[PDB]
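To keep things clear, I will list the structure first and then write my remarks on it.
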Protein chains: 2
Amino acid sequence: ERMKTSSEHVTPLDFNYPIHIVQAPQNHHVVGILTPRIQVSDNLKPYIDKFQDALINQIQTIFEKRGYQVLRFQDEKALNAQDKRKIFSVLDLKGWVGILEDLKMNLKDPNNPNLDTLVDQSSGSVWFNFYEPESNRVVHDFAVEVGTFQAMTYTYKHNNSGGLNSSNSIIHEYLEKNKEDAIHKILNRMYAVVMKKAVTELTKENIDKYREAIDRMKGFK
Amino acid sequence: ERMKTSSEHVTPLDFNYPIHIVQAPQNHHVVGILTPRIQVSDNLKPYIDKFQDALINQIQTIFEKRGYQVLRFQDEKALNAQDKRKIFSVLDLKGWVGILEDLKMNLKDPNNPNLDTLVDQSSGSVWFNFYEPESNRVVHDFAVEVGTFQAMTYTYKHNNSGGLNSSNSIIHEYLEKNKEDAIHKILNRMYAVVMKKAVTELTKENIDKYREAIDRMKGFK
């Protein structure tokens, strides 16, 4: 996806993906969610906590709507021996997520071959697995690519004769808002595609894939 | 691509991609190559200098075989005003390249549904552009995805009845060699796909895309 940016208005962050699941009855199973470990580029460090916190809050609501109780844990090691015996399964999220800045590209418009652009470009991916902590049975695993978003920070057009002109003078000192807008729009897209994935994969059928065997092993009667 | 690993033999690093280009005559143009800026995950920090150094050395030989002289520069700012007037165009490489460790996945074998695996998984991408530094004319740009490689560090098989068994006890204290092997094999694959890309795109026709206009602007007679 390729998106324009603005020097006038910075697009607000909007880390929310509407979920429409009818409240199921309580199934008395408890699931754990570990703090995600998404490593990010330096430009994303001011945002990643807001991003992760929203994601975890929304994923928690998927499980709750489907009738599970949900507990949060720092990491795998935070589950003591009794926790592991009791918990149905645990969701772990890991990721490598970055935005590369100030890339110059030709726009690839055959009708406009003199148009080039300065872009920010996303890169990386996030990986989910839902596993039973005693046995390491993988109940469900899935992933999402997030390196598919490009925001044009500055578009320029060469003169028919080549050489220098007002457009192709790139002055970063005038682009601060475009560049903030780029990061915000990419973040909003990356949030939506991760959450769409989560909603699509965290279904009753996938969550319950090994319910009988897990409940037998754990003595859940 | 999904690859096995070994606890016996760590696959040597092999950052070399054979290039077969007949030495063209000297064209008296000079190109610049900037030090690449590939940001990597912490597990790749011991390797990235070796990786980048090899890539740059091989890309330099592509341009030289095609008849260009090649100069190296620290960054865009290292090109003084006279350098920018003289240099034909400059190649910049940026990337976001990581390996996520210890992911648990079901193997997706319908004939073997009890087989799960611990994997290292690559993630990210690298972005090339070749641009004329005075005008910012993008001569050629291209990119390569590198998040497509998975190395199985430990494969395990659940008993038909579920529960615990010798296989599904995951003991990281025994996996040091498998994990070193994983990183080395992924790095070798990522090198080969980046270099294949570079060879495919850094052709005489793409390098010379704006030769006349650039030479006219610069007074190259």
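How things are named: the first chain in the structure tokens is A, the next is B, and so on; residues count from 1 in each chain; ligands count from 1 in the order shown.
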Would you list the contacts of residue 28 of chain B as an NGL selection string, taking every protein, DNA or RNA residue within 9 Å and counting only C-alpha atoms, but skipping same-chain residues closer than 4 positions in sequence?
-> :B and (67-69)
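Selecting alpha helix (DSSP H) from the backbone DSSP output for segment 23-116 of chain B yields residues 48, 49, 50, 51, 52, 53, 54, 55, 56, 57, 58, 59, 60, 61, 62, 63, 64, 65, 81, 82, 83, 84, 85 and 86 of chain B.
Around segment 76-89 of chain A, within 7 Å and counting only C-alpha atoms, the residues found are residues 29, 30, 31, 32, 130, 131, 132, 133, 134 and 218 of chain A, once anything fewer than 5 positions away on its own chain is removed.
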Backbone DSSP call of strand (DSSP E) for segment 104-178 of chain B, listed as an NGL selection string = :B and (104-106 or 115-131 or 138-145 or 150-157)
Selected residues, N, CA and C atoms, written as a compact mmCIF listing (two decimals), in the first residue's frame, please.
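Heads up, here's the output in selection.txt:
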```
# COMPACT_ATOMS: atom_id res chain seq x y z
N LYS B 104 7.65 -21.59 18.53
CA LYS B 104 7.07 -22.94 18.46
C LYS B 104 5.97 -22.92 17.40
N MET B 105 6.05 -23.89 16.48
CA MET B 105 5.10 -24.05 15.38
C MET B 105 4.69 -25.51 15.21
N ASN B 106 3.45 -25.75 14.80
CA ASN B 106 3.08 -27.09 14.30
C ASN B 106 3.64 -27.23 12.90
N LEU B 115 3.69 -33.71 15.21
CA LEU B 115 5.03 -33.12 15.09
C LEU B 115 4.96 -31.62 15.18
N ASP B 116 5.62 -31.07 16.21
CA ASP B 116 5.80 -29.64 16.40
C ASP B 116 7.30 -29.34 16.29
N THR B 117 7.63 -28.05 16.21
CA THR B 117 9.00 -27.69 16.09
C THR B 117 9.30 -26.35 16.77
N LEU B 118 10.51 -26.26 17.29
CA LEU B 118 11.10 -25.02 17.72
C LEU B 118 11.88 -24.48 16.49
N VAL B 119 11.64 -23.22 16.12
CA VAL B 119 12.33 -22.62 14.95
C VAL B 119 12.95 -21.25 15.23
N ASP B 120 14.01 -20.94 14.47
CA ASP B 120 14.43 -19.53 14.25
C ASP B 120 13.86 -19.08 12.89
N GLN B 121 13.38 -17.82 12.82
CA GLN B 121 12.60 -17.36 11.68
C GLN B 121 13.19 -16.00 11.28
N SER B 122 13.55 -15.83 10.01
CA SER B 122 14.09 -14.51 9.57
C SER B 122 12.93 -13.51 9.40
N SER B 123 13.27 -12.22 9.35
CA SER B 123 12.19 -11.22 9.23
C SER B 123 12.86 -9.97 8.64
N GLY B 124 12.13 -9.25 7.78
CA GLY B 124 12.62 -7.93 7.27
C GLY B 124 12.96 -7.88 5.80
N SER B 125 13.75 -6.86 5.45
CA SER B 125 13.94 -6.56 4.01
C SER B 125 15.08 -5.54 3.83
N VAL B 126 15.62 -5.49 2.61
CA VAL B 126 16.73 -4.56 2.29
C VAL B 126 16.38 -3.83 0.99
N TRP B 127 16.77 -2.56 0.94
CA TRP B 127 16.25 -1.60 -0.05
C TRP B 127 17.48 -0.92 -0.69
N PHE B 128 17.54 -0.98 -2.02
CA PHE B 128 18.64 -0.37 -2.76
C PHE B 128 18.09 0.81 -3.56
N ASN B 129 18.83 1.92 -3.57
CA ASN B 129 18.59 2.88 -4.66
C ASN B 129 19.87 3.46 -5.24
N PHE B 130 19.85 3.73 -6.54
CA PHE B 130 21.01 4.22 -7.27
C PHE B 130 20.51 5.60 -7.78
N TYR B 131 21.14 6.67 -7.31
CA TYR B 131 20.62 8.04 -7.52
C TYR B 131 21.74 8.99 -7.87
N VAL B 138 16.35 9.42 -9.23
CA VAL B 138 16.48 7.97 -9.03
C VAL B 138 16.72 7.24 -10.35
N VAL B 139 17.94 6.75 -10.54
CA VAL B 139 18.28 6.00 -11.74
C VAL B 139 17.65 4.62 -11.68
N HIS B 140 17.82 3.93 -10.54
CA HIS B 140 17.23 2.59 -10.39
C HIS B 140 17.04 2.32 -8.89
N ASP B 141 15.96 1.64 -8.52
CA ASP B 141 15.71 1.29 -7.10
C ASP B 141 15.13 -0.11 -7.15
N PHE B 142 15.39 -0.89 -6.11
CA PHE B 142 14.85 -2.25 -6.03
C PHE B 142 14.99 -2.72 -4.58
N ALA B 143 14.34 -3.82 -4.25
CA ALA B 143 14.33 -4.27 -2.87
C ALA B 143 14.27 -5.77 -2.84
N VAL B 144 14.61 -6.33 -1.68
CA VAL B 144 14.48 -7.76 -1.51
C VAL B 144 13.94 -8.12 -0.14
N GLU B 145 12.94 -9.00 -0.13
CA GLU B 145 12.41 -9.51 1.14
C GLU B 145 13.34 -10.64 1.62
N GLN B 150 13.33 -20.20 7.56
CA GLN B 150 13.00 -20.79 8.84
C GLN B 150 14.00 -21.97 9.01
N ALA B 151 14.66 -22.06 10.16
CA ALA B 151 15.55 -23.15 10.51
C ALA B 151 14.95 -23.82 11.75
N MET B 152 14.66 -25.12 11.64
CA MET B 152 14.19 -25.93 12.77
C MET B 152 15.31 -26.28 13.74
N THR B 153 15.26 -25.70 14.92
CA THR B 153 16.26 -25.95 15.93
C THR B 153 16.01 -27.24 16.73
N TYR B 154 14.75 -27.60 16.91
CA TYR B 154 14.42 -28.81 17.68
C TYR B 154 13.03 -29.25 17.22
N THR B 155 12.90 -30.47 16.71
CA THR B 155 11.59 -31.01 16.30
C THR B 155 11.16 -32.03 17.34
N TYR B 156 9.89 -32.02 17.72
CA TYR B 156 9.39 -32.95 18.73
C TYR B 156 8.06 -33.59 18.35
N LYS B 157 7.80 -34.75 18.93
CA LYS B 157 6.65 -35.53 18.55
C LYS B 157 5.93 -35.94 19.82
```
Which residues come within 12 Å of segment 20-25 of chain B, counting only C-alpha atoms, excluding same-chain residues fewer than 6 positions away, as a CSV table (one decimal) with N, CA, C and O atoms, in the first residue's frame?
```csv
chain,number,residue,atom,x,y,z
B,58,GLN,N,31.4,-7.4,-3.2
B,58,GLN,CA,30.9,-8.0,-4.4
B,58,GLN,C,30.2,-7.0,-5.3
B,58,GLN,O,30.3,-7.1,-6.6
B,61,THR,N,32.5,-5.1,-7.3
B,61,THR,CA,33.0,-5.9,-8.5
B,61,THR,C,32.0,-5.9,-9.7
B,61,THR,O,32.5,-6.0,-10.8
B,62,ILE,N,30.7,-5.9,-9.4
B,62,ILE,CA,29.7,-5.8,-10.5
B,62,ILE,C,30.0,-4.5,-11.3
B,62,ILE,O,30.0,-4.5,-12.6
B,63,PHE,N,30.1,-3.4,-10.6
B,63,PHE,CA,30.3,-2.1,-11.3
B,63,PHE,C,31.6,-2.1,-12.1
B,63,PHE,O,31.6,-1.6,-13.2
B,64,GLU,N,32.7,-2.6,-11.5
B,64,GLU,CA,34.0,-2.6,-12.1
B,64,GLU,C,34.0,-3.5,-13.3
B,64,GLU,O,34.6,-3.1,-14.4
B,65,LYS,N,33.5,-4.7,-13.3
B,65,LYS,CA,33.3,-5.6,-14.4
B,65,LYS,C,32.4,-4.9,-15.5
B,65,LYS,O,32.7,-5.2,-16.7
B,66,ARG,N,31.5,-4.1,-15.2
B,66,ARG,CA,30.7,-3.4,-16.2
B,66,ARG,C,31.4,-2.1,-16.7
B,66,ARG,O,30.8,-1.4,-17.5
B,67,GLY,N,32.6,-1.8,-16.2
B,67,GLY,CA,33.5,-0.7,-16.7
B,67,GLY,C,33.6,0.6,-16.0
B,67,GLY,O,34.2,1.5,-16.4
B,68,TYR,N,32.9,0.7,-14.8
B,68,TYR,CA,32.9,1.9,-13.9
B,68,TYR,C,34.0,1.8,-12.9
B,68,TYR,O,34.5,0.8,-12.5
B,69,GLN,N,34.5,3.0,-12.6
B,69,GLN,CA,35.3,3.1,-11.4
B,69,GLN,C,34.4,3.3,-10.2
B,69,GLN,O,33.3,3.8,-10.3
B,196,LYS,N,21.8,-12.3,-5.4
B,196,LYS,CA,21.1,-12.7,-6.6
B,196,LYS,C,20.3,-11.5,-7.1
B,196,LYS,O,20.3,-11.2,-8.3
B,199,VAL,N,22.7,-8.8,-8.6
B,199,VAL,CA,23.2,-9.2,-9.9
B,199,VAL,C,22.1,-9.0,-11.0
B,199,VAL,O,22.4,-8.6,-12.1
B,200,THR,N,20.9,-9.4,-10.6
B,200,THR,CA,19.7,-9.3,-11.6
B,200,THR,C,19.4,-7.9,-11.9
B,200,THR,O,19.2,-7.6,-13.1
B,202,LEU,N,21.5,-4.9,-11.3
B,202,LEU,CA,22.6,-3.9,-11.6
B,202,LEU,C,23.2,-4.3,-13.0
B,202,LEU,O,24.3,-4.6,-13.1
B,203,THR,N,22.3,-4.1,-14.0
B,203,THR,CA,22.7,-4.4,-15.3
B,203,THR,C,23.2,-3.1,-16.0
B,203,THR,O,22.8,-2.0,-15.6
B,204,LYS,N,23.9,-3.3,-17.1
B,204,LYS,CA,24.3,-2.1,-18.0
B,204,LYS,C,23.0,-1.2,-18.3
B,204,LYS,O,23.1,0.0,-18.1
```
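Take atom CA of residue 103 of chain A and atom CA of residue 95 of chain B: the distance between them is 10.5 Å.
Proximity ranking of A:113, A:135, A:96, A:107 relative to residue 40 of chain B places A:96 first, based on only C-alpha atoms.
Atom pair atom CA of residue 168 of chain A / atom CA of residue 37 of chain B: separated by 23.9 Å.
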